[PDB]
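Peer 1: The listed protein sequences correspond, in order, to chains G and E. Quick note on the authors' numbering: the first sequence kicks off at 75 and runs consecutively. Quick note on the authors' numbering: the second sequence kicks off at 57 and runs consecutively. Every residue gets a Cβ at the ideal spot worked out from N, C-alpha and C, and that includes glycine. Pasting a structure here, questions to come.
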Amino acid sequence: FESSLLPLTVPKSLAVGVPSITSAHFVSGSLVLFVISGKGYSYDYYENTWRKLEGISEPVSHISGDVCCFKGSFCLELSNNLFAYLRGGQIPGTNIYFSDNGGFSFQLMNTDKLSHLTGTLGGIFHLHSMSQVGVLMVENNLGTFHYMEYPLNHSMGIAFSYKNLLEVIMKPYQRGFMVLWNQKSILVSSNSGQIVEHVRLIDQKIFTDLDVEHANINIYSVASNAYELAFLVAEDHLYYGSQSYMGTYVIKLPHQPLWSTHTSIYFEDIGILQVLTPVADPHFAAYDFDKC
Amino acid sequence: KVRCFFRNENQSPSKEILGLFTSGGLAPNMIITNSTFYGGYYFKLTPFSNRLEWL
Ligand SMILES: *[C@@H]1O[C@H](CO)[C@@H](O)[C@H](O)[C@H]1NC(C)=O
Ligand SMILES: *[C@@H]1O[C@H](CO)[C@@H](O)[C@H](O)[C@H]1NC(C)=O
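Pasting the structure below:
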């Protein structure tokens, strides 16, 4: 995010009507996959070439995948597998899609595989860490994980509450860690979704369970790392914590007015958090970036 | 035959600690020692879907 960049735009030939990015994902190579208005698209950052995706027929909300890049063919073929799904869709009647090669071709995935399931679909995930395919399945106010593969085949994890929806973040190194967060809640999983537990907050060296909705804080952004987790709460709050085995402990950082309605945080490196805000310049139409 | 459970700040048996140690692939060991004896017995790894404690 050095220098100034013009905002990313649709070329307008392949008019996609509204241009709302429901999700974005970094596939192997120079391609980036966007879900715009329920349709998949691929953008090559070295070019300006936009390619619509033909495999996905029904509208999809999210594209999910896992990326390894140890230098070999293995992490490449691991990166190729992808899922396309509509988050929140009815368990039966929604159509899930799978991609065997990058994101280039998408094939519909057959129902018989999950008849034994009824309810909303929080997400479908390929868990290469556990060599397992896990579906986040919401059958009531509580949500669970189901694993399709032999051992545990159709084995339910321990249920966790799930009012509203959640966004799922997978840790890069396939250690098995997961972050499920929305505006009013943040759940973490040391396991691969089997046990989903609240985060513990440290205040004056006493640790206690944290419920975001209970404390009335509204989280505006989250930054996720291989071993670490931070989030910025809309009322100028910043929490940093170390996600690990035996639970996750989060400390509230000293106060600073870091929220400006365009700010977002990310982890540049282990131990370095970065607060980024695009400032708009009227004359040049290219945005400056205010970094802290 | 013995039933054993890991004890933390919660004195009662907990199905989360068992799940954690089983999902890492860790199970307890019993070490029986004497003046002239040393023996080791391993608790068999089992899913924590039902078991509340090691046996
Ligand atoms: C799937 O798992 C169930 C129980 O988890 C078992 O009864 C069944 O035989 C398994 N079937 C296959 C095809 O793996
Ligand atoms: C195998 O796993 C099932 C699943 O909970 C369990 O009920 C059963 O007791 C296990 N069998 C043995 C021999 O450990």
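Taking C-beta to C-beta, are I88 of chain E and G81 of chain E nearer than 8 Å?
Peer 2: Their beta carbons are not under 8 Å apart, which means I88 of chain E does not touch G81 of chain E by this criterion.
Peer 1: Pick out whichever of G:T192, G:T337, G:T335 and G:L284 has its Cα sitting closest to the Cα of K326 of chain G.
Peer 2: Closest option to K326 of chain G, Cα to Cα, is G:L284.
Peer 1: Three or more C-beta pairs closer than 8 Å, one from the segment 354-364 of chain G and one from the segment 308-317 of chain G: is that the case here?
Peer 2: Too few Cβ pairs lie closer than 8 Å, so no.
Peer 1: Under a three-way DSSP split, which group does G75 of chain E fall into?
Peer 2: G75 of chain E: helix per DSSP, three-state reduction.
Peer 1: Where does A289 of chain G fall in DSSP's three states?
Peer 2: Helix.
Peer 1: Taking the alpha-carbon positions, what's the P352 of chain G to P81 of chain G distance?
Peer 2: Rounded to whole angstroms, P352 of chain G to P81 of chain G spans 10 Å at the Cα level.
Peer 1: Where DSSP assigns a beta bridge to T282 of chain G, which residues make up the other side?
Peer 2: Per DSSP, G:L275.
Peer 1: Would the C-beta of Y301 of chain G count as close to ligand 1, meaning under 7 Å from any of its heavy atoms?
Peer 2: No, the beta carbon of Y301 of chain G sits no closer than 7 Å to any heavy atom of ligand 1.
Peer 1: Anyone know if the C-beta pair for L201 of chain G and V209 of chain G falls short of 8 Å?
Peer 2: No, the pair does not count as a contact, with Cβ atoms beyond the cut-off.
Peer 1: Give every residue of the same chain whose Cβ lies closer than 6 Å to the Cβ of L111 of chain E, excluding the five residues on either side of it in the sequence, and list them in chain order.
Peer 2: Within the same chain, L111 of chain E has close Cβ partners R59.
Peer 1: Distance cutoff 8 Å, beta carbons only. Does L76 of chain E sit that close to anything in chain G?
Peer 2: Output row for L76 of chain E: interface = yes.
Peer 1: The beta strand (DSSP E) that contains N154 of chain G, what's its start and end?
Peer 2: Unbroken run through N154 of chain G is the alpha helix (DSSP H), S147 to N154; no beta strand (DSSP E).
Peer 1: Is it buried or exposed for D140 of chain G, if we count other Cβ within 10 angstroms and need 16 for buried?
Peer 2: Result: buried.
Peer 1: Where does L188 of chain G sit, in a helix, a strand or coil, going by DSSP?
Peer 2: Of the three classes helix, strand and coil, the one that applies to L188 of chain G here is helix, per DSSP.
Peer 1: In chain E, which residues lie less than 8 Å from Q268 of chain G when you measure between Cβ atoms?
Peer 2: Residues of chain E passing the Cβ test: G75 and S79.
Peer 1: Could you compute how far the alpha carbon of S338 of chain G sits from the alpha carbon of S316 of chain G?
Peer 2: Distance between the alpha carbons of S338 of chain G and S316 of chain G: 19 Å.
Peer 1: Since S229 of chain G meets chain E, which of its residues come closer than 9 Å, beta carbon to beta carbon?
Peer 2: Ordered by position in chain E, the residues that pass the 9 Å Cβ test against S229 of chain G are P103 and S105.
Peer 1: Does any residue of chain E bring its CB to less than 8 Å from the CB of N290 of chain G?
Peer 2: Chain E, which has no Cβ nearer than 8 Å to the Cβ of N290 of chain G, makes this no.
Peer 1: Whose Cβ in chain G lies nearer than 9 Å to the Cβ of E72 of chain E?
Peer 2: Those within 9 Å of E72 of chain E in chain G are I232, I269 and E271.
Peer 1: Is DSSP giving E223 of chain G helix, strand or coil here?
Peer 2: Note: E223 of chain G maps to coil in three-state DSSP.
Peer 1: Look up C60 of chain E in the DSSP assignment and say whether it is helix, strand or coil.
Peer 2: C60 of chain E falls in the strand class under three-state DSSP.
Peer 1: Could you tell me which uninterrupted alpha helix (DSSP H) segments, each at least 4 residues in length, are contained entirely in the segment 91-152 of chain G, listed from first to last along the chain?
Peer 2: None, since the segment 91-152 of chain G contains no complete alpha helix (DSSP H) of that length.
Peer 1: Residue range of the beta strand (DSSP E) that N256 of chain G falls in?
Peer 2: Unbroken beta strand (DSSP E) run through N256 of chain G: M252 to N256.
Peer 1: Quick one: grab the DSSP three-state call for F157 of chain G.
Peer 2: It is a strand residue.
Peer 1: Residues of chain E with CB closer than 7 Å to the CB of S263 of chain G, please, in chain order.
Peer 2: By Cβ distance, chain E contributes nothing, its closest Cβ being about 10 Å from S263 of chain G, past 7 Å.
Peer 1: The beta strand (DSSP E) that contains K326 of chain G, what's its start and end?
Peer 2: Per DSSP, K326 of chain G belongs to the beta strand (DSSP E) from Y323 to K326.
Peer 1: Please report whether the beta-carbon of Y301 of chain G lies at a distance below 8 Å from any beta-carbon of chain E.
Peer 2: Judged by the 8 Å Cβ criterion, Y301 of chain G is not in contact with chain E.
Peer 1: Can you say whether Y98 of chain E is buried or exposed, counting buried as having 16 or more other CB atoms within 10 angstroms of its CB?
Peer 2: So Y98 of chain E ends up on the exposed side.
Peer 1: Tell me, which residues are paired with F178 of chain G by DSSP?
Peer 2: None, per the DSSP bridge assignment.
Peer 1: Have a look at G:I137, G:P85 and G:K113 and flag the residue whose alpha-carbon is nearest the alpha-carbon of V242 of chain G.
Peer 2: For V242 of chain G, the nearest C-alpha among the options comes from G:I137.
Peer 1: Are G112 of chain G and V134 of chain G close, meaning C-beta to C-beta below 8 Å?
Peer 2: In contact: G112 of chain G and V134 of chain G (Cβ atoms closer than 8 Å).
Peer 1: Rounded to whole angstroms, what's the CA-CA distance from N106 of chain E to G231 of chain G? Just pull it up for me.
Peer 2: When rounded, the distance between both Cα atoms is 11 Å.
Peer 1: Tell me, please, whether the CB atom of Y247 of chain G is closer than 8 Å to any CB atom in chain E?
Peer 2: Chain E contact via Cβ: absent.
Peer 1: Using a Cβ cut-off of 8 Å (strictly closer), state whether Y319 of chain G contacts chain E.
Peer 2: For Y319 of chain G, the answer is yes, since a Cβ of chain E falls inside 8 Å of its Cβ.
Peer 1: Considering just the uninterrupted stretch of the beta strand (DSSP E) at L350 of chain G, what are its terminal residues?
Peer 2: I346 to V353 is the extent of the beta strand (DSSP E) around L350 of chain G.
Peer 1: Classify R63 of chain E as buried or exposed, calling it buried when 16 or more other Cβ atoms lie within 10 Å of its own Cβ.
Peer 2: Classification for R63 of chain E: exposed.
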